Chemist: 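So that we are looking at the same thing, I have put the structure below in structure tokens.
Order of listing sets the numbers, starting from 1, for every ligand and every atom in it. We name chains A, B, ... by the order of the sequence lines, and we start the count at 1 in each one.
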Amino acid sequence: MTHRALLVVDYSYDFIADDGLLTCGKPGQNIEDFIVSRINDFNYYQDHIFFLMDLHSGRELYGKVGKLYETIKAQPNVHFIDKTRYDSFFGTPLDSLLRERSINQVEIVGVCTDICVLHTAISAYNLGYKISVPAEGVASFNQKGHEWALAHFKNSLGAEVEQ
Amino acid sequence: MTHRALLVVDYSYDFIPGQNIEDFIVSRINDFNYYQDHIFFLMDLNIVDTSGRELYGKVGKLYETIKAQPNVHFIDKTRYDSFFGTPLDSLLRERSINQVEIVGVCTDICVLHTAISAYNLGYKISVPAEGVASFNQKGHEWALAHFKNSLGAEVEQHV
Amino acid sequence: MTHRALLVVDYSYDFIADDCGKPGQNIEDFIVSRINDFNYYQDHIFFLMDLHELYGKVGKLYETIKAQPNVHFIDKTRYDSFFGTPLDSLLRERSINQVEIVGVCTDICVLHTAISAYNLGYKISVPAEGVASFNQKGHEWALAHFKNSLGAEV
Amino acid sequence: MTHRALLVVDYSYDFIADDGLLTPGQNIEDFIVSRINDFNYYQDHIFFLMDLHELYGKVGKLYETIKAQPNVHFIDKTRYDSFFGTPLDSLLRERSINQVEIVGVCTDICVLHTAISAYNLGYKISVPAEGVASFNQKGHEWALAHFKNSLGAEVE
Ligand SMILES: [Zn+2]
Ligand SMILES: [Zn+2]
Ligand SMILES: [Zn+2]
């Protein structure tokens, strides 16, 4: 699609790495390959990619995602947005940036499924975006919450959730 | 204690363990009215101008008894989140409210979305376990934990 | 690509009749013609009204169209039609990206609504014949603001 | 009970300097300095709000000495309105702020839009006539009366 954007939520060393402060360990690490391939997909079409990061070394992007970001961060289709709450839209210009660019569809990847992803997805929903949350592209430390949130995205938010 | 409002989320004929919380909700409505504290009935707009859209049961009866009072408010909403597209935030700030108690249904949908907006907007949040309910146990329990561990809410099991 | 809606701001008897919005009497006929032109295409029309009945021919036109799917009535609590209302989400639901604003007062309710529309990324049109203010200085200041700062067609 | 913050709107080189890319804002410099000093004496919070797209003169020099303090904040904004797309309202609410004083430029553009949003969000507003300026003297005068008569502001 041409009116689509990728939202990469809080994929930082502190959340993903084993020696990270508030880490998610292995599950957040198991989505690295899928996120890297979603970034390349969007970049191929010069679709817009937003890296959304909690503001507070540890706040650098994790692993291959952080590596890829270093090589594309100057491109006009790549954005880095500091956020102060879990919800990527709260107190940020994200919605206005998407609207400027005629985006009405977001794909959301990152961590955690039932916190920052969920809060971001709910705001995307209220703001009238079409939503995709691929189950291979999100993770949580809480298995019950991960499964709870994927069904919430599908059944309450009308989101495409591909297994 | 002092600067508080009650949000009664979506407690309608059409959505209503919803009947099991009826008595607790009525007592919380009476508790806030017992101090002239502000009570907001938030209702999805559930066809307009129909009987399925009325407040259910004893809660509906109590509402009819206090609806004209200046501490009682009825707000129509268009999404699950009670704050979205409504003047709820502005009405709470007019009245120097920094504390909300949230009751009604469903725990992991309208209550959750309302709680998240409350949280983002800087309100202190209490969601008593006895005053919310959901169609599914796993969502109910997930949401009560979310309220406590992520939103910093008070989620008292017993009052 | 242009997808448009008309915002009719605070065109009420209490603002307009002789019993700040009083020059709103001047614009009755032009507002009616805007509503008729949008309704010819089935474009969406929003009547925005302070929540503290529509004046004249606009009121009589409203009764013959009020039940149609393209006609909406929204209560507001501040000057800004977008504040504390579902207006932005109703526009988004319908893929609207341009709003034409008529009503009163040019430098108050129209001004606050236009700024919100601008911030939310809507293209704006405020025809000079479709807005009034008893404050002629403010009227003239506000129309220049729309054009010069909000990028509006005036 | 009043708890106040200072909003210093768009007092940059390019809006104020004779050579600035999009330039009477020079004449309010000393008054803005005194307001910043007055709020800073009490450790009241001060927010510098700047278009994204450096602070002018004595305001910039003063900022360099206080910028690391917990009561001093720098906020980038993408529209005229200081509240739009920014965490400004959340930062003010976090600190129990209920009143804002607005200074800077231009009276009838970024100050106006900032003030309208503060009004809608329920803040008590002060816009001292000596602390705001605009090229458009007609818009300056219009905007000042608007603050007093529509937004219930204190305009001293
Ligand atoms: Zn954090
Ligand atoms: Zn009003
Ligand atoms: Zn600019």
Chemist: Going by the rule side-chain contact (heavy atoms from CB on, under 4.5 Å), which residues pair with D:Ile75 if we only count those two or more places apart in sequence or in a different chain?
Modeler: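 D:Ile75 satisfies side-chain contact (heavy atoms from CB on, under 4.5 Å) with D:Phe47, D:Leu49, D:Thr86, D:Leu88, D:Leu91 only.
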Chemist: Suppose we only allow N, O or S atoms; which atom of A:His56 ends up nearest to the Zn ion (ligand 1)?
Modeler: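 It is NE2 of A:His56.
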Chemist: Please confirm whether the ring centroid of D:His113 lies under 6.0 Å from the ring centroid of C:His145.
Modeler: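 Yes, close enough.
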Chemist: How many protein N, O or S atoms sit closer than 2.8 Å to the Zn ion (ligand 2)?
Modeler: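 Every protein N, O or S atom under 2.8 Å from the Zn ion (ligand 2) counted, the figure is 1.
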Chemist: Any chance the side chains of D:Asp108 and D:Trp142 put a donor and an acceptor closer than 3.5 Å?
Modeler: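 Looking only at side-chain atoms, D:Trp142 and D:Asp108 do not form any donor-acceptor pair under 3.5 Å.
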Chemist: Could you tell me if the ring centre of A:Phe15 sits under 6.0 Å from that of A:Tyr62?
Modeler: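 Between A:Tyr62 and A:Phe15, which both carry aromatic rings, the centre distance is not below 6.0 Å.
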Chemist: Hey, would you say the C:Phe47 and C:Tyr11 ring centroids sit under 6.0 Å apart?
Modeler: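 Here the rings of C:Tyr11 and C:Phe47 have centres that are no less than 6.0 Å from each other.
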Chemist: Examine the side chains of D:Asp89 and D:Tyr123 and answer whether a donor and an acceptor come within less than 3.5 Å of each other.
Modeler: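 Yes - a donor-acceptor pair under 3.5 Å links their side chains.
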